[PDB]
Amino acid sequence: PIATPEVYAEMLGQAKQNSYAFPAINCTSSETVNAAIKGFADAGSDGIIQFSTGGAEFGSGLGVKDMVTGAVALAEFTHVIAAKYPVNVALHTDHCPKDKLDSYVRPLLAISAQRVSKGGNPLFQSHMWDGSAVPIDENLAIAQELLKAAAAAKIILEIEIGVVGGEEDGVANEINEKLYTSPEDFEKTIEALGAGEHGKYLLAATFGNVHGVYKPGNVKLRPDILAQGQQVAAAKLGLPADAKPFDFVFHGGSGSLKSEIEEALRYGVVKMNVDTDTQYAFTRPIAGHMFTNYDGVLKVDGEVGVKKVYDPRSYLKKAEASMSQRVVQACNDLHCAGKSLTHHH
């Protein structure tokens, strides 16, 4: 089923308590949603499906190119599908910067507020505010009012401090020192938003994260930044030094070393975003299909091709199954496999 807000909060609490995390898989289509949910199910795991601004625009089609339309359409599709799987599936929106709030997160929030006002549940269970490109104080000012709106709609807010390196859509962030979150940013976050009691939130605190897949080991993660952020917050809050007040989000998950994932889990990461690796998994058998069936997918030497192999289902089923396998791998990497809160086992 789709995660209710209550089940989603239980999911994250269980993950936190037991030092595991859920994959948050970027999807762009019916096929990619289907692949993600089947991956969760095959792994006996709960999970999160997320739409980026570009993914939502793509989902709306070339004749529309509207983020709200694409996200709503894909969300409605997902609600129907997820009802037929035993595992819990949460819907999320990825990086939304300041100039897209009015055309993505805010109208989506308003849609969910309306549903809640009628006694229903929100369409999405979490939304990301990415204010990493503006100064920390402005980031958190926007975060505070968005958190009030989100909590009122039974929605968890994800926020970001520090910058994720690499290319996300047309835009590149330089890989530098800004990829490492400062102690003061950790402190200001707690001051501004508390530790859950003013609305539940997730913190994408960056520790060297880079979107994309580079040669293994080229991206230099420093998970210790997270351990120190937890210590900083526990001190502010008057908690024991081993308390973990933050629920962390691991961006740029694809291409990470297994040891880096394992370490991050020890410091309170409850969500790891995966996009690039599942994109490769989806595309890889499509490529193979076109090459091995080149004379069926192309009308060559006066022949008319072979429908059996140019039927989009023929290669897209292969794409789906391959992406699902990669999602199973993510569930085993993050230790959420076999832990679905439905215990359908």
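Take the two forms, superpose them, and find the largest set of C-alpha atoms that agree within 1.5 Å; that set is the rigid core. Position 1 is the first residue in the sequence shown; the rest follow in order.
- Superposing the other copies on the rigid core and comparing 105-113 to 181-189, farther C-alpha placement in 6 other deposited structures of this protein marks 181-189.
- Coverage remark for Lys258: present in the model in all other entries compared whose chains are built on both sides, leaving no third without it.
- Not even a third of the other compared entries skip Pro97; each one keeps it along with the residues on either side.
- Note on 72-80 vs 221-229: mean CA B-factor is higher in 221-229.
- Mean C-alpha B-factor is higher over 59-67 than over the other stretch, the pair under comparison being 59-67 and 28-36.
- The entry assigns its greatest Cα B factor, within the set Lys118, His251, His95, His92, to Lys118.
- For the set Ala172, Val213, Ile159, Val269, the maximum C-alpha B-factor listed in the entry falls on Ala172.
- The deposited CA B-factor of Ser182 belongs to the highest third of values across its chain.
- Remark: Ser324 belongs to the lowest third of its chain, ranked by C-alpha B-factor as recorded.
- Per the deposited record, the Cα B-factor of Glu262 falls in the highest third when ranked against the other modelled residues of its chain.
- Remark: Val274 belongs to the lowest third of its chain, ranked by C-alpha B-factor as recorded.
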